[PDB]
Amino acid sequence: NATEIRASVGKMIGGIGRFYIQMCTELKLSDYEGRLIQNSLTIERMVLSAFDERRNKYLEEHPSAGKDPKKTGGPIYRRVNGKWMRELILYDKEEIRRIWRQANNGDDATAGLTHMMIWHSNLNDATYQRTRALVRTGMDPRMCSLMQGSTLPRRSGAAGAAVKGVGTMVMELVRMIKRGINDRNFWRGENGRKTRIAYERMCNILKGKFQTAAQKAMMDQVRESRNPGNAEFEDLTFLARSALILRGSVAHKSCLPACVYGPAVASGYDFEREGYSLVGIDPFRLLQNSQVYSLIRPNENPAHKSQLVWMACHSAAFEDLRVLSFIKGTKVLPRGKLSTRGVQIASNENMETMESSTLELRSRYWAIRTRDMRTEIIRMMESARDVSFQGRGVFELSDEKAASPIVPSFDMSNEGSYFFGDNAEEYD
């Protein structure tokens, strides 16, 4: 059945590629402009915005975009006489939807919208810090390493649920508990009945992420509370801290930008026939046969901007840096050592100083990713407790059948956390 599962994922990637090729053709973008990641993000947000209809399911937007709910837009960058120009494009949401369905042979293809949303989340995880929002909710700033998918939309649903991390679930459940404390009727009536289902859904989602019997049992007690007060917060926090040692089951999906699938489809690659799997060589091979460009700000180091995108492409912001340095072949520095700022350009930035760089997104090897008395038990379980790769090893790109595993070497002395010494901008 894994052949039938590979065909369905391949169909979805091909439609994203076909949708991008169409959008580039409407906008009259060049090969360079089409391969600019800033343009890709604009094009990807436009389709999410057109299909969202302000539901906060695939995206969240500024009230300025709410001026005309029937139109969606964003910034487009074109290269005019060596310089870079920024223009705002406004398309009809109906026409964007029409183009998406046409690219997906009449199908709604919600699987492709989610993939771009998950790539967008992975990019924010690789770019912005969340330590101020942790302090705001009353959580430990050290919980940074468990904030997978913390930027995902308000009503992301089942698709966003799989990639959200332990600390992300704890942050939204604690934002929920704190709303009850300051509002008397938060758990009352029809609003409180809807709120109650949302609470138990979030609790069962977080419960499923725990791989021990005691952590899952502790979640049942937080979920059984009809009026969660400070007692439910102390238990959520004490469980969040335990995840920083006793690991959880968090899914990481390598979702590449549409300007990667675009050119791959444009050159005749049949994703539906050939198949596609986010696990293994498929995203690694596609990145070796790709050419992505990015706008670079003055005084920014292009190698560091390339690293931001390579980690976002690979869902690697929360992985051990000693593992990534072995796979990429180059040293993967903590965010605190990168002379770079996020790929998205701000509405007030000077375009005259803006230059561009070729992103270096290839890697040396490829690899497979595989993903009270109760408080006394989990506390004792942490005392059992070094770089860990679980797996046969790494492989070269020529070995596509994984028949020749390479055993990895890491300096356990060298940094393992991307968030150590973090000086990245705070998300907002």
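Note that residue numbering follows the sequence shown and begins at 1.
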{"query": "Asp386 preceded by how many uncoordinated deposited residues after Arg385", "finding": "1 to 3"}
{"query": "Interresidue gap class [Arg371, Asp372; deposited sequence, unmodelled]", "finding": "10 or more"}
{"query": "Greater mean Cα temperature factor according to the PDB record, 308 to 316 or 223 to 231", "finding": "223 to 231"}
{"query": "Which of 268 to 276 and 245 to 253 has higher mean CA B factor, as the PDB entry lists it", "finding": "245 to 253"}
{"query": "Among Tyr128, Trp100, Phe186, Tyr293 - the residue whose C-alpha B-factor is largest in the record", "finding": "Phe186"}
{"query": "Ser357, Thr212, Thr353, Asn289, ranked by C-alpha B-factor: the highest one", "finding": "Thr212"}
{"query": "Entry-reported Cα temperature factor of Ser363, expressed as the chain third it lands in", "finding": "middle"}
{"query": "Ranked against its chain, the third holding the CA B-factor of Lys401", "finding": "highest"}
{"query": "Modelled-residue ranking by C-alpha temperature factor, third containing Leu113", "finding": "lowest"}
{"query": "Relative C-alpha B-factor of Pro408, binned into the chain's lowest, middle or highest third", "finding": "highest"}
{"query": "Within-chain third of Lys28 by Cα B-factor, per the entry", "finding": "lowest"}
